[PDB]
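Some notes on the structure that comes next.
Coordinate-derived values only; no laboratory data. Here Cβ is always computed from backbone atoms with ideal geometry, including for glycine, and neighbour counts include all displayed protein chains.
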Amino acid sequence: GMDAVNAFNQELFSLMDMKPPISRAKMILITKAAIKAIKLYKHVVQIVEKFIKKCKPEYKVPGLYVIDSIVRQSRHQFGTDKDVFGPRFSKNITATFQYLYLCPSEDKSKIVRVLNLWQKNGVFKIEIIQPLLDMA
Amino acid sequence: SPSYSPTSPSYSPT
């Protein structure tokens, strides 16, 4: 319910008081909270997109890593065909990446590395990935 | 504490 959505909001926004790079352990806490709230996945996606819109530039790569971790965990746990998160994140993905590329110069390579992993592993189709690579 | 890596495998529900 909305208690699980609130708990996800709390877990993700707590990053703003932590120094990047963000730990594997913290990412697991955020990802477990996302999956706990999966019956309200639309709210989870909205919260992650809000984080990426609002956060300081140092937190753009952490925000992208949250998308990566959630989408991969969901595909792993539920199957590539049944995952709700990838398709939902795909709706506003252009706007999301326009925000991510406001990161500091030394972080752009980290965004391109994730897009190349998504392409190679079929997390999204090339029709989605290529324009995001072109944006870099 | 080790940093998140996008090549690290997903966890199994422990």
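Just a few scattered comments:
- nm² value of the averaged projected area, convex hull over the Cα atoms of segment A:1-75: 4.4
- Maximal additional length on extending the A:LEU133-A:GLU58 stretch stands at 25.0 nm, based on 0.36 nm per residue less the C-alpha distance.
- The H on the amide N of B:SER8, modeled in the peptide plane, is under 5 Å from the matching H of no residue at least 5 residues off or on a different chain.
- Length-normalised contact order for chain A - Cα pairs under 8 Å, 6+ apart - percent: 22
- At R0 = 25 Å, FRET efficiency that the Cβ-Cβ distance of A:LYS91 and B:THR14 yields, to 0.05: 0.20
- Interchain or long-range residues, amide H under 5 Å from B:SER3's placed H: A:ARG24
- Options A:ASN121, B:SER5, A:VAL45, ranked by Cα towards positive dipole end of the protein assembly as shown, top entry (Cβ charges): A:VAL45
- Label sites at A:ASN6 and A:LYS36, each approximated as a point 7 angstrom past Cα along Cα to Cβ, lie 1.3 nm apart.
- CD proxy at 222 nm, helix term only [per DSSP H run n ≥ 4: -39500 (n - 2.57); per residue of chain A; nearest 500]: -22000 deg cm²/dmol
- At an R0 of 22 angstrom, the distance between the Cβ atoms of A:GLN46 and A:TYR101 translates into a FRET efficiency of 0.60.
- Equivalent ellipsoid, chain A (semi-axes from 5 times Cα gyration tensor eigenvalues, Å): 21, 19, 13
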